[PDB]
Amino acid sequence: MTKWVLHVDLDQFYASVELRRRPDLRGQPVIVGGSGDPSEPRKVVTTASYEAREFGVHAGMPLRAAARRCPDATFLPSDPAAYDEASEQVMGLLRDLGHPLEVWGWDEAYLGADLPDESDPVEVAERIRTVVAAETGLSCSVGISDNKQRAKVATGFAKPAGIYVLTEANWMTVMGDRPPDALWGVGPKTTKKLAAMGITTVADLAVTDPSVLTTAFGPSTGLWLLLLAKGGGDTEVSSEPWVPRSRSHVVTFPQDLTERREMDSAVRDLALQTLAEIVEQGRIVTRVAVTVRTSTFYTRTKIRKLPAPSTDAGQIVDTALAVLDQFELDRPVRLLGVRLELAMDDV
């Protein structure tokens, strides 16, 4: 027997949800983000269709930047309520195949299938793709392996509308010549540090001395970076419901603020909007954090713990404004944010 980890990720998620109700746009570049107005600044692309992506438009790109690259593109406002309902339709369907399923964000899910050696995991992936296609109209891609991070990397090669199997038989074959940030968990900043140390590929990272990576990244991050290069990762798929450790709300304003009454007002409204939402889900606040971005993108965040776990609205607003006054507040502010950290439950 072999314990396979299957990673399901939805193709161009937000675009496909819109394309499902707009057959007029089937072949045209569709861009989701910020009220559907490409003139608006400080708004970014949250999804670009595969057609729009061939123009170089990707997630996080400003709307006006995307308008420059693809003028022919239909811009749609983001509709989170529609994406949530499409997400639960997909996921409430992925649990009813009788497998351990670890939901991971709206777009992705890890599925555990302990199959006999004579049985092919591709047959499970082939089923997943078309029960999702036949009952939601959305297309997915499945990555197959024996750990989450490698199944995740396998999904990248399966896109679009495909399946890709990645194992130790072909791991270093496929990934050896790739840069470090091709692994899940390592990004641009670590890849830059490794390049300055002579490590430029996954293969070179996999045979790097541990007491060279640990004394450069941390005692456990160093060894974890070494596992990842070897194709290892997390192997337990847990169907337990995830409990959020915190919830937050941030806003970038159209023009940078200057008056503090507006800053005291934004922090208070953000704090009360977040508090009302955690009360609804039955949570209790432990600490209050406030974030300031400034025009030069200098963002730091301060946090204060409450005397006791509370959800009192007067106390949390007072605490948020008290953390805000702890801030220097010289330059114009670009973004203010409130994050309420939640007591790690009970029932």
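When you see a residue number, it is the position in the sequence shown, counting from 1.
Taking only CA atoms, the mean B-factor in the PDB entry is higher for 76-84 than for the other of 76-84 and 224-232. The stretch with the higher mean CA B factor, choosing between 112-120 and 180-188, is 112-120.
If you compare the C-alpha temperature factors of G282, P38, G56, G314 in the entry, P38 comes out highest. Highest CA B-factor among the listed residues (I144, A206, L194, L101): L194. For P332, the recorded CA temperature factor ranks within the highest third of the chain's modelled residues. Per-chain ranking of the deposited C-alpha B factor places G156 in the lowest third.
In the PDB entry, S139 places in the lowest third of its chain by CA B-factor.
In the deposited entry, the Cα temperature factor of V132 sits in the middle third of values across the chain's modelled residues. Ranked within its chain, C70 lands in the highest third, by CA B factor from the PDB record.
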